[PDB]
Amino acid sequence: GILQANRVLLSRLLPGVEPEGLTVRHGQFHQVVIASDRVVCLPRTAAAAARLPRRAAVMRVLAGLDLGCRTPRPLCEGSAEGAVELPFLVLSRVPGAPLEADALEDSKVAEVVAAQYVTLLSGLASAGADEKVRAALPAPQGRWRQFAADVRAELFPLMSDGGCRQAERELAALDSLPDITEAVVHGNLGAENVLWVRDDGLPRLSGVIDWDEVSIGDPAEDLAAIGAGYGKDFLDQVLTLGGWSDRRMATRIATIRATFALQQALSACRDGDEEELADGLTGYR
């Protein structure tokens, strides 16, 4: 389908590579073709193509942050950021695999994994206090209010009445969330986007992928993702180690965490991933 439609371009970008041997991650704006060492963003529309120059800049900025790990490095030339649009963007592929939750049942592993999360999130937080970083990244205002609107508009039609009532209580608290624009926020920091090397010892953070939703925002959004994936005990260890276990932060996390499945559903809805939509909508229909 995608691989087929883009065979010619892909044979230029990946010479001698069989396009059937590649994988695809669906995005809102780009289809992402996954090769062994790199990744190719293909714009779904003219609008999407117009976004790739800025995406190139964003990924360059991320590549320069002190996160204690790798990020997808843009493999275009710097002048690509000056273009009106690009027909593709190639990024380096971060090595490693997600950490399955049950690994954290060993407490020494949990300590070491928590600490590397903290290094990452601390790097993201300090970068969000950097004026040049803040100038390079999107920082929408009233995103929570608008997110609730987007859920009601786009997901409620796919939900049962029970599901809509469950969602409403979850969306309810969002309007009273302080609107925080203080950290670089990944915006989708589920386990599948955090990659580890665990060959030669305890899990070591290789890097982080899928920065499509990155912004200047509330660090509670990334902490919520961790909480949704790994639960309260592990989250609390990250908060303790990072110095973020205060009542205000914990409250925001709880509020955002209650919406995280809906965030995944909204994204899956927009990027046409039916399986991730099904999962996201679990217990809402």
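Between two forms, the rigid core is defined as the largest C-alpha subset superposing within 1.5 Å. Quick note: we count residues from 1 along the sequence shown, nothing fancier.
- Root mean square Cα distance to the shown form, taken over structures and residues in 7 other deposited structures of this protein after a core fit, is higher for 152-160 when 88-96 and 152-160 are compared.
- Comparing 217-225 with 34-42 by root mean square Cα distance to the shown form in 7 other deposited structures of this protein, with the rigid core used for the fit, gives 34-42 as the more displaced stretch.
- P74 is built in all of the other entries compared, counting only those with both neighbours built, so it is not a gap in a third.
- Per the compared records, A83 is unresolved in at least a third of the other entries whose models span it.
- When the mean C-alpha temperature factors of 24-32 and 63-71 are read from the deposited coordinates, 24-32 comes out higher.
- Higher average CA B factor: 104-112, of the stretches 184-192 and 104-112.
- Residues shown: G207, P140, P87, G123. Highest C-alpha temperature factor in the entry: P140.
- Considering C76, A83, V197, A127 together, the PDB entry gives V197 the largest C-alpha B factor.
- In the PDB entry, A46 places in the highest third of its chain by CA B-factor.
- In the PDB entry, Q146 places in the middle third of its chain by CA B-factor.
- Among the modelled residues of the chain, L262 sits in the lowest third by CA temperature factor in this PDB entry.
- In the deposited entry, the Cα temperature factor of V118 places it in the lowest third of its chain's modelled residues.
- Among the modelled residues of its chain, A153 has a C-alpha B-factor that falls in the highest third, as given in the PDB entry.
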